[PDB]
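Presented below is the structure to which this report refers.
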Amino acid sequence: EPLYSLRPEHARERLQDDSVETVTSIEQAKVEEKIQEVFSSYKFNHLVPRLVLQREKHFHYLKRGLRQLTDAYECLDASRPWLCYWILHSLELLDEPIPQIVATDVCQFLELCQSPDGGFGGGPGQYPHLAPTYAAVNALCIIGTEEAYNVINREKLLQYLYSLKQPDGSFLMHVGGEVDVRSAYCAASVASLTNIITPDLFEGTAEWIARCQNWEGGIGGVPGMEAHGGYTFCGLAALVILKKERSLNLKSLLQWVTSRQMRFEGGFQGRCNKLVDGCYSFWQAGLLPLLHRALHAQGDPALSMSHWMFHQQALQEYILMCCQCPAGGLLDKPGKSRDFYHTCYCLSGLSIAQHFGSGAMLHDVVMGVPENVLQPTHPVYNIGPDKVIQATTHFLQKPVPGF
Amino acid sequence: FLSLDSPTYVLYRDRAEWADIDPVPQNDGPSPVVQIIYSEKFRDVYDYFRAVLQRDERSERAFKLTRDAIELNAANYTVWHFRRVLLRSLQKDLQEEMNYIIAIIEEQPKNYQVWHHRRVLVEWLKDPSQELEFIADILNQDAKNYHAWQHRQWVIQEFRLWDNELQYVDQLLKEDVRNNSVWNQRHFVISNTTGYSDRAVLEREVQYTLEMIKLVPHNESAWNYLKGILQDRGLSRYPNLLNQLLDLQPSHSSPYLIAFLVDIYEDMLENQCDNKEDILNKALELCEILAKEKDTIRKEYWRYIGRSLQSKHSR
Ligand SMILES: CCN(CC)C(=O)Oc1ccc(C[C@@H]2CN(Cc3cncn3C)c3ccc(C#N)cc3CN2S(=O)(=O)c2ccc(OC)cc2)cc1
Ligand SMILES: CC(C)=CCC/C(C)=C/CC/C(C)=C/COP(=O)(O)OP(=O)(O)O
Ligand SMILES: [Zn+2]
């Protein structure tokens, strides 16, 4: 009883290296040693385990970062809209309101980032790129006012997306950039939310994405490349937006993700024979809701009506025990430093693991104190489902540009 | 020329060669958000980069400035784009630029911009001759670097350099048989050369994997490879496979072996196999062995597999 990771038999889930040591096994055993110490610390210190999400610490870390960042974030100077999205999403998940004037200041900042030729860049005067375009549009939707919606130039945005579209179905990340399954997701996310999808915008795109699924079951960044959770999320989520989820072998995909949850740590790895992280609480585990909605759309009557097809409890235990910084913020794994990215995706993953939804059926699992329960997140867009519905509704008022 | 970590580095604002140009400070608004408190050095380089960018100054001094800007934030895609404009306008020698990107990737190997720049150089030069060896040096430091594998695949495909790659694979597999990137490269090489729809290759591949599985039974990579190359023909098409796995249980058992058994049974049942309602119970016995005892992190998947099989292969 009652925390899965502290049960005596859990010790049997440690790595079996068959007496054959390689780089891979040495590195996995190091991680498992650190994590076991975390799991054990309660017993060694003779205290009852109590899992608490340090909301107030996280809130103050976020509140501050929304305004000001140390020079440690110099590496993210071409990604400032990412920071707006990470932090705003984290606040939304923690159920912390956004002052009308931080809202207006974010709006103004993102307008400075918008390019006269469409899309958003990483900061004022930077050229546009699909990653900061995605982040900007998501941030604006989280804010959700008429001001925030009005920032986006839908006409230019559509021009920009066409400028990136390739003959084989793919998109460039930016002009003169290269192509990637990330770009298809960024394009489909922004297009669908703002209602600018034309009949030919995504012609070939599902087939290009389907070419990225490999012998493993997952999706690589381009055809031929190793399966990875980041790319598998982008690929599946884009196909859900395009209604082409059917193009994939969903069954090999399901077997692949589920295989990515670590038996000992409880969190997810990004690819096979690599390390648990942190942000894959969202990128890997967020596949399960998408696979549920897909397999259900095909009439799969073996589907649970209460749980996603991963160990929700073990993931919550990983995040809560191993991924919180005491000063606020969340992280990849013990011994790493906090950051706003892991704060975003660790909390997004926590939320997914807490909330099951499937039409009529709703069911929560909240490990630790009941205060730990977060607001839900939409598995396709990773903003609140209310922000999505809301946003999709307001831009349906307008015609797809051209019309 | 003047390195950013030279003891004698001077800010651009104190350089005489730059006096004619007024820096352009970042326009962040009256009340900024996510405002990063840049070091003096970063802010100084970038104020001058904005100036040359806005004037579209296509000069040797601008070219050298992009170097410092890149070093300060190599993720800055706007600087890389301008550097490429400058490489072309100034007619810079691209082999020297190849020397530069080599040094940069070597320092910051997990960055998209850096590998994309290299690829652009190789396509400008139509010259892949340094690539496999350079890539092998990066992989000697991190054998799982995703960009390095992606660039390798690209070079091999584009310039048809397939002939020595399976040998490279073999080397790395011996170094670390758990390296999933190397198992993936194996599949990539074989399926683009001889293919797997061939009996001589399909076999040797299987015998090699079973041989790897035997040496280290809890390496999931070899198991996923094995499954991967047999499964789209259908596992039940190979009837000896069952037996040969149902023979190393007490010797080499794992949740991987047991789960492979379930995949075999699953395909058997999907085709109208012999002893139908019979092989089904074997599978369920295993599923619940997995969901309750042997692989409980997947309890929700294995209970769902128990179900769907029940649902379509029972009564
Ligand atoms: C476009 C979708 N969004 C929403 C804005 C998004 O965040 O997507 C990603 C953008 C970039 C990335 C790649 C990296 C990932 N990392 C490094 C990392 C994460 N987990 C383990 N590691 C080693 C990080 C890490 C920290 C932060 C913060 N804050 C951000 C990233 C985002 N990027 S990164 O290439 O920009 C980067 C940044 C800092 C860094 O030094 C730690 C290493 C990489 C992944 C997802
Ligand atoms: C829309 C968008 C931009 C989505 C992001 C997609 C995403 C998370 C991509 C990851 C790319 C990748 C192979 C990282 C490997 O890093 P690593 O080798 O350090 O880590 P790993 O060992 O966990 O693979
Ligand atoms: Zn991470």
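In the structure tokens, each chain is lettered A, B, ... as it comes, each chain's residues begin at 1, and ligands are numbered from 1 in order of appearance.
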*asked:* Residues of chain A within 6 Å of chain B, counting only C-alpha atoms, what are they? List them as a list in words.
replied: residues 18, 22, 66, 67, 68, 69, 70, 71, 75, 78, 127, 215, 226, 263, 302, 309, 310 and 311 of chain A
*Return as a list in words every polymer residue, whether protein, DNA or RNA, with at least one atom no more than 7 Å from an atom of ligand 3; count only C-alpha atoms and all ligand atoms.*
residues 277, 278, 279, 280, 332 and 342 of chain A
*Would you kindly return, as a list in words, each protein, DNA or RNA residue with an atom no farther than 12 Å from any atom of residue 14 of chain B, considering only C-alpha atoms and excluding same-chain residues fewer than 3 positions away?*
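Contacts, with the query itself left out: residues 9, 10, 11, 17, 18, 19, 20, 21, 23, 41, 44, 45 and 48 of chain B.
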*Please give me, as number ranges by chain, the residues lying within 7 Å of ligand 2 when counting only C-alpha atoms and all ligand atoms.*
A: 131, 182-183, 185-186, 228-231, 234, 269-271, 274-275, 277, 283; B: 144-146
Let me see the file: selected residues, N, CA, C and O atoms, as an mmCIF file, in the first residue's frame.
```cif
data_model
loop_
_atom_site.group_PDB
_atom_site.id
_atom_site.type_symbol
_atom_site.label_atom_id
_atom_site.label_comp_id
_atom_site.auth_asym_id
_atom_site.auth_seq_id
_atom_site.Cartn_x
_atom_site.Cartn_y
_atom_site.Cartn_z
ATOM 1 N N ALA A 131 7.430 27.467 -35.338
ATOM 2 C CA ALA A 131 7.446 27.142 -33.902
ATOM 3 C C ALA A 131 6.972 28.319 -33.035
ATOM 4 O O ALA A 131 6.025 28.178 -32.269
ATOM 5 N N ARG A 182 7.265 18.146 -37.216
ATOM 6 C CA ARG A 182 6.864 19.261 -36.335
ATOM 7 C C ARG A 182 6.145 20.332 -37.123
ATOM 8 O O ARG A 182 5.196 20.913 -36.632
ATOM 9 N N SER A 183 6.607 20.599 -38.338
ATOM 10 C CA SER A 183 6.085 21.734 -39.103
ATOM 11 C C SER A 183 4.638 21.500 -39.531
ATOM 12 O O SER A 183 3.835 22.465 -39.652
ATOM 13 N N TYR A 185 2.397 19.631 -37.845
ATOM 14 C CA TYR A 185 1.631 19.921 -36.632
ATOM 15 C C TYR A 185 1.485 21.430 -36.380
ATOM 16 O O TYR A 185 0.384 21.899 -36.157
ATOM 17 N N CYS A 186 2.583 22.189 -36.411
ATOM 18 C CA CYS A 186 2.493 23.630 -36.178
ATOM 19 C C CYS A 186 1.526 24.265 -37.184
ATOM 20 O O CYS A 186 0.686 25.111 -36.817
ATOM 21 N N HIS A 228 10.283 8.626 -32.190
ATOM 22 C CA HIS A 228 10.479 9.511 -31.045
ATOM 23 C C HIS A 228 9.158 10.088 -30.593
ATOM 24 O O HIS A 228 8.350 10.502 -31.405
ATOM 25 N N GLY A 229 8.965 10.201 -29.296
ATOM 26 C CA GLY A 229 7.715 10.750 -28.768
ATOM 27 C C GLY A 229 7.357 12.144 -29.218
ATOM 28 O O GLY A 229 6.172 12.463 -29.384
ATOM 29 N N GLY A 230 8.369 13.004 -29.411
ATOM 30 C CA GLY A 230 8.107 14.358 -29.826
ATOM 31 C C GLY A 230 7.484 14.402 -31.196
ATOM 32 O O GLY A 230 6.469 15.088 -31.427
ATOM 33 N N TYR A 231 8.117 13.680 -32.106
ATOM 34 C CA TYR A 231 7.643 13.540 -33.476
ATOM 35 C C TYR A 231 6.366 12.673 -33.571
ATOM 36 O O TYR A 231 5.534 12.905 -34.436
ATOM 37 N N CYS A 234 3.506 15.073 -32.624
ATOM 38 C CA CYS A 234 3.238 15.988 -33.723
ATOM 39 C C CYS A 234 2.530 15.282 -34.889
ATOM 40 O O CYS A 234 1.644 15.844 -35.478
ATOM 41 N N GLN A 269 10.133 7.617 -21.449
ATOM 42 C CA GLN A 269 11.323 7.914 -22.245
ATOM 43 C C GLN A 269 10.885 8.397 -23.622
ATOM 44 O O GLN A 269 9.735 8.247 -23.977
ATOM 45 N N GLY A 270 11.800 8.973 -24.398
ATOM 46 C CA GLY A 270 11.472 9.582 -25.677
ATOM 47 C C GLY A 270 11.551 8.567 -26.827
ATOM 48 O O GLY A 270 10.861 8.679 -27.838
ATOM 49 N N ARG A 271 12.417 7.589 -26.643
ATOM 50 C CA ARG A 271 12.647 6.550 -27.599
ATOM 51 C C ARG A 271 13.168 5.378 -26.814
ATOM 52 O O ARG A 271 13.515 5.516 -25.641
ATOM 53 N N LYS A 274 16.483 4.762 -24.264
ATOM 54 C CA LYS A 274 16.948 6.038 -23.702
ATOM 55 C C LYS A 274 16.323 6.336 -22.300
ATOM 56 O O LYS A 274 15.658 5.490 -21.711
ATOM 57 N N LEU A 275 16.550 7.538 -21.766
ATOM 58 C CA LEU A 275 16.276 7.819 -20.349
ATOM 59 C C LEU A 275 14.898 8.457 -20.128
ATOM 60 O O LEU A 275 14.353 9.134 -20.994
ATOM 61 N N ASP A 277 12.269 11.222 -18.807
ATOM 62 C CA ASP A 277 12.245 12.672 -18.859
ATOM 63 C C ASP A 277 10.719 12.912 -18.683
ATOM 64 O O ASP A 277 9.948 12.533 -19.540
ATOM 65 N N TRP A 283 4.394 14.638 -24.089
ATOM 66 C CA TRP A 283 4.547 14.224 -25.495
ATOM 67 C C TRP A 283 4.226 12.761 -25.734
ATOM 68 O O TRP A 283 3.665 12.434 -26.768
ATOM 69 N N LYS B 144 23.870 8.304 -30.148
ATOM 70 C CA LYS B 144 22.427 8.357 -30.317
ATOM 71 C C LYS B 144 21.943 9.724 -30.760
ATOM 72 O O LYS B 144 20.742 9.989 -30.760
ATOM 73 N N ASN B 145 22.849 10.596 -31.191
ATOM 74 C CA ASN B 145 22.466 11.971 -31.602
ATOM 75 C C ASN B 145 21.572 11.941 -32.828
ATOM 76 O O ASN B 145 21.960 11.477 -33.912
ATOM 77 N N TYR B 146 20.378 12.495 -32.647
ATOM 78 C CA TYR B 146 19.304 12.339 -33.593
ATOM 79 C C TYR B 146 19.603 13.077 -34.873
ATOM 80 O O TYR B 146 19.323 12.571 -35.967
#
```
*asked:* So that I can check the surroundings of residue 369 of chain A, please list as a PyMOL selection string every protein, DNA and RNA residue that reaches within 12 Å of it, counting only C-alpha atoms and ignoring chain neighbours fewer than 3 positions away.
replied: chain A and resi 49-55+316+320+365-366+372-374
If you run DSSP on the backbone, which residues of segment 39-174 of chain A are strand (DSSP E or B), as a short mmCIF file (atom, residue, chain, number, x, y, z; two decimals) with N, CA and C atoms, in the first residue's frame?
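out-v3.cif, written as the output of this step:
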```cif
data_model
loop_
_atom_site.label_atom_id
_atom_site.label_comp_id
_atom_site.auth_asym_id
_atom_site.auth_seq_id
_atom_site.Cartn_x
_atom_site.Cartn_y
_atom_site.Cartn_z
N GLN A 68 10.18 38.75 -16.40
CA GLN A 68 11.61 38.91 -16.43
C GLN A 68 12.34 37.58 -16.29
N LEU A 69 13.40 37.41 -17.07
CA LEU A 69 14.16 36.17 -17.11
C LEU A 69 15.63 36.49 -16.95
N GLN A 114 5.00 39.58 -34.67
CA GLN A 114 4.34 39.20 -35.92
C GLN A 114 5.03 39.82 -37.11
N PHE A 120 4.69 34.48 -36.91
CA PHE A 120 5.39 35.16 -35.84
C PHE A 120 6.82 34.70 -35.80
N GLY A 121 7.73 35.62 -35.46
CA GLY A 121 9.13 35.29 -35.19
C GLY A 121 9.44 35.13 -33.71
N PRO A 128 9.83 35.23 -39.40
CA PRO A 128 8.83 34.26 -38.92
C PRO A 128 9.29 32.81 -39.00
N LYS A 165 4.68 25.29 -47.72
CA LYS A 165 4.19 24.02 -48.29
C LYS A 165 5.06 23.47 -49.44
N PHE A 171 5.92 20.54 -44.98
CA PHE A 171 6.17 21.98 -44.82
C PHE A 171 7.59 22.27 -44.35
N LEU A 172 8.16 23.39 -44.80
CA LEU A 172 9.38 23.89 -44.17
C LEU A 172 9.02 24.49 -42.80
#
```
*Counting only C-alpha atoms, figure out which residue out of A:287, A:161, A:177, A:132 gets nearest to residue 219 of chain A.*
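Among the listed residues, the smallest separation from residue 219 of chain A belongs to A:287.
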_Please identify all protein, DNA and RNA residues within 6 Å of ligand 1, counting only C-alpha atoms and all ligand atoms, and report them as a PyMOL selection string._
chain A and resi 76+82+85+131+135+332+339-341
*asked:* Based on the backbone DSSP call, show me all residues of segment 13-195 of chain A assigned alpha helix (DSSP H), as a ChimeraX atom specification.
replied: /A:23-45,55-65,80-93,100-113,130-143,146-151,154-164,181-193
*Could you please determine the separation between atom CA of residue 294 of chain A and atom CA of residue 243 of chain A in Å, to one decimal place?*
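One can read the atom CA of residue 294 of chain A to atom CA of residue 243 of chain A distance as 9.3 Å.
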*Name the residues in contact with segment 102-108 of chain B at a cut-off of 12 Å, using only C-alpha atoms, excluding same-chain residues fewer than 3 positions from it; report them as number ranges by chain.*
A: 75; B: 67-68, 70-75, 95-99, 111-119, 121-122, 130-131, 133-142, 145, 147-148
Output the selection as a PDB file, in the first residue's frame - C-alpha atoms for each residue.
```
ATOM      1  CA  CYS A  75      19.626  30.639 -25.490  1.00  0.00           C
TER       2      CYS A  75
ATOM      3  CA  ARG B  67      29.854  34.676 -36.087  1.00  0.00           C
ATOM      4  CA  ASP B  68      29.698  36.276 -32.657  1.00  0.00           C
ATOM      5  CA  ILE B  70      25.762  32.774 -33.560  1.00  0.00           C
ATOM      6  CA  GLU B  71      28.172  31.899 -30.784  1.00  0.00           C
ATOM      7  CA  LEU B  72      25.988  33.811 -28.304  1.00  0.00           C
ATOM      8  CA  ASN B  73      22.770  32.104 -29.511  1.00  0.00           C
ATOM      9  CA  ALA B  74      23.244  29.407 -32.135  1.00  0.00           C
ATOM     10  CA  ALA B  75      19.462  28.859 -32.208  1.00  0.00           C
ATOM     11  CA  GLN B  95      35.285  25.016 -47.727  1.00  0.00           C
ATOM     12  CA  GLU B  96      36.419  27.489 -45.129  1.00  0.00           C
ATOM     13  CA  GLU B  97      32.747  27.727 -44.061  1.00  0.00           C
ATOM     14  CA  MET B  98      32.694  23.927 -43.955  1.00  0.00           C
ATOM     15  CA  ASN B  99      35.636  24.124 -41.552  1.00  0.00           C
ATOM     16  CA  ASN B 111      20.883  22.193 -32.416  1.00  0.00           C
ATOM     17  CA  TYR B 112      18.828  22.199 -35.607  1.00  0.00           C
ATOM     18  CA  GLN B 113      20.294  25.315 -37.202  1.00  0.00           C
ATOM     19  CA  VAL B 114      23.818  24.008 -37.196  1.00  0.00           C
ATOM     20  CA  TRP B 115      23.016  20.757 -39.057  1.00  0.00           C
ATOM     21  CA  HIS B 116      20.720  22.519 -41.520  1.00  0.00           C
ATOM     22  CA  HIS B 117      23.573  24.932 -42.316  1.00  0.00           C
ATOM     23  CA  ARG B 118      25.939  22.003 -42.949  1.00  0.00           C
ATOM     24  CA  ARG B 119      23.399  20.423 -45.298  1.00  0.00           C
ATOM     25  CA  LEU B 121      26.832  23.756 -47.645  1.00  0.00           C
ATOM     26  CA  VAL B 122      26.995  20.179 -48.879  1.00  0.00           C
ATOM     27  CA  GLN B 130      33.780  14.675 -45.631  1.00  0.00           C
ATOM     28  CA  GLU B 131      30.362  13.679 -44.248  1.00  0.00           C
ATOM     29  CA  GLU B 133      33.694  10.475 -41.399  1.00  0.00           C
ATOM     30  CA  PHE B 134      32.619  13.760 -39.779  1.00  0.00           C
ATOM     31  CA  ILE B 135      29.294  12.267 -38.686  1.00  0.00           C
ATOM     32  CA  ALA B 136      31.137   9.237 -37.285  1.00  0.00           C
ATOM     33  CA  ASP B 137      33.169  11.593 -35.071  1.00  0.00           C
ATOM     34  CA  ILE B 138      30.008  13.148 -33.608  1.00  0.00           C
ATOM     35  CA  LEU B 139      28.548   9.648 -33.104  1.00  0.00           C
ATOM     36  CA  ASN B 140      31.790   8.607 -31.417  1.00  0.00           C
ATOM     37  CA  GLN B 141      30.909  11.229 -28.774  1.00  0.00           C
ATOM     38  CA  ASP B 142      27.120  10.667 -28.637  1.00  0.00           C
ATOM     39  CA  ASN B 145      22.466  11.971 -31.602  1.00  0.00           C
ATOM     40  CA  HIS B 147      20.531  15.101 -35.893  1.00  0.00           C
ATOM     41  CA  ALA B 148      23.699  13.135 -36.640  1.00  0.00           C
TER      42      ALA B 148
END
```
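Atom pair atom CA of residue 335 of chain A / atom CA of residue 323 of chain A: separated by 9.4 Å.
Look at segment 57-63 of chain B: the protein and nucleic acid residues within 7 Å of it, using only C-alpha atoms and passing over chain neighbours fewer than 3 places away, are residues 52, 53, 66, 67, 83, 86 and 89 of chain B.
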*asked:* One number please: atom CA of residue 385 of chain A to atom CA of residue 64 of chain A, in Å, one decimal.
replied: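 Rounded to one decimal, the two atoms are 25.8 Å apart.
Using only C-alpha atoms, the protein and nucleic acid residues lying no more than 8 Å from segment 270-283 of chain B, apart from those fewer than 4 places from it along its own chain, are residues 261, 262, 265, 266, 287, 306, 309, 310, 313, 314 and 315 of chain B.
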Within 12 Å of segment 198-212 of chain A, which residues of segment 228-334 of chain A come that close, and what is the closest atom pair and distance in Å for each? Count only C-alpha atoms and give it as JSON lines.
```
{"residue": "A:228", "atom": "CA", "partner": "A:212", "partner_atom": "CA", "distance": 10.6}
{"residue": "A:231", "atom": "CA", "partner": "A:212", "partner_atom": "CA", "distance": 9.0}
{"residue": "A:232", "atom": "CA", "partner": "A:212", "partner_atom": "CA", "distance": 8.8}
{"residue": "A:233", "atom": "CA", "partner": "A:209", "partner_atom": "CA", "distance": 11.3}
{"residue": "A:234", "atom": "CA", "partner": "A:209", "partner_atom": "CA", "distance": 9.3}
{"residue": "A:235", "atom": "CA", "partner": "A:209", "partner_atom": "CA", "distance": 5.9}
{"residue": "A:236", "atom": "CA", "partner": "A:209", "partner_atom": "CA", "distance": 8.4}
{"residue": "A:237", "atom": "CA", "partner": "A:209", "partner_atom": "CA", "distance": 10.6}
{"residue": "A:238", "atom": "CA", "partner": "A:206", "partner_atom": "CA", "distance": 8.2}
{"residue": "A:239", "atom": "CA", "partner": "A:206", "partner_atom": "CA", "distance": 6.2}
{"residue": "A:240", "atom": "CA", "partner": "A:206", "partner_atom": "CA", "distance": 9.9}
{"residue": "A:241", "atom": "CA", "partner": "A:206", "partner_atom": "CA", "distance": 10.3}
{"residue": "A:242", "atom": "CA", "partner": "A:206", "partner_atom": "CA", "distance": 7.6}
{"residue": "A:243", "atom": "CA", "partner": "A:206", "partner_atom": "CA", "distance": 9.0}
{"residue": "A:244", "atom": "CA", "partner": "A:206", "partner_atom": "CA", "distance": 6.2}
{"residue": "A:245", "atom": "CA", "partner": "A:206", "partner_atom": "CA", "distance": 8.2}
{"residue": "A:246", "atom": "CA", "partner": "A:210", "partner_atom": "CA", "distance": 9.5}
{"residue": "A:247", "atom": "CA", "partner": "A:210", "partner_atom": "CA", "distance": 6.0}
{"residue": "A:248", "atom": "CA", "partner": "A:210", "partner_atom": "CA", "distance": 5.7}
{"residue": "A:249", "atom": "CA", "partner": "A:210", "partner_atom": "CA", "distance": 8.8}
{"residue": "A:250", "atom": "CA", "partner": "A:210", "partner_atom": "CA", "distance": 10.8}
{"residue": "A:253", "atom": "CA", "partner": "A:210", "partner_atom": "CA", "distance": 11.4}
```
